[PDB]
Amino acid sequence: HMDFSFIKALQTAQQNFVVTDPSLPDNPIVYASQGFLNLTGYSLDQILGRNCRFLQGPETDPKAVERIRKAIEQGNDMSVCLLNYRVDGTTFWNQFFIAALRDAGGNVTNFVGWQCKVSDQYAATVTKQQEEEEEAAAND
């Protein structure tokens, strides 16, 4: 159950992340780390106030995006590896974690998204495990 301490931790450790505000229209970015800007090639001015879906493109697996979409609807933390796109259309494997931050009332005030770029070889092992988990699940 992560709090503002998690944002401070990601910031000081120079991680790639964004903070969104679900009380605003389309749950937009309200903060992006210098690491995120370096990873994606966007300026802060190009992404502030925008939904993170601009990272997706035609080879992104819609099943991975659906897992993120459901986690946001439910306020559930989760992680998934999926293909994302830079400002120039080049791709990277994003081992992605999303956490819902709640106030003392237990209301979700913000989401944090942490992007870790992984190698093609490692992504192939992680997406194979995800494909296997997805099948085990659709058998139960």
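Position 1 is the first residue in the sequence shown; the rest follow in order.
Between the two ranges 87 to 95 and 105 to 113, the one averaging a larger CA B factor in the entry:
Comparing 105 to 113 with 87 to 95, the higher mean C-alpha B-factor belongs to 105 to 113.
Out of 126 to 134 and 8 to 16, which stretch has the higher average CA B-factor listed in the record?
Per the PDB entry, the higher value belongs to 126 to 134.
If you rank the chain by CA B-factor, which third does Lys70 end up in: lowest, middle or highest?
As the PDB entry reports it, the C-alpha B-factor of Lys70 lands in the highest third of its chain.
What third of its chain's C-alpha B-factors does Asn76 belong to: lowest, middle or highest?
It belongs to the highest third of the chain when residues are ordered by C-alpha B-factor.
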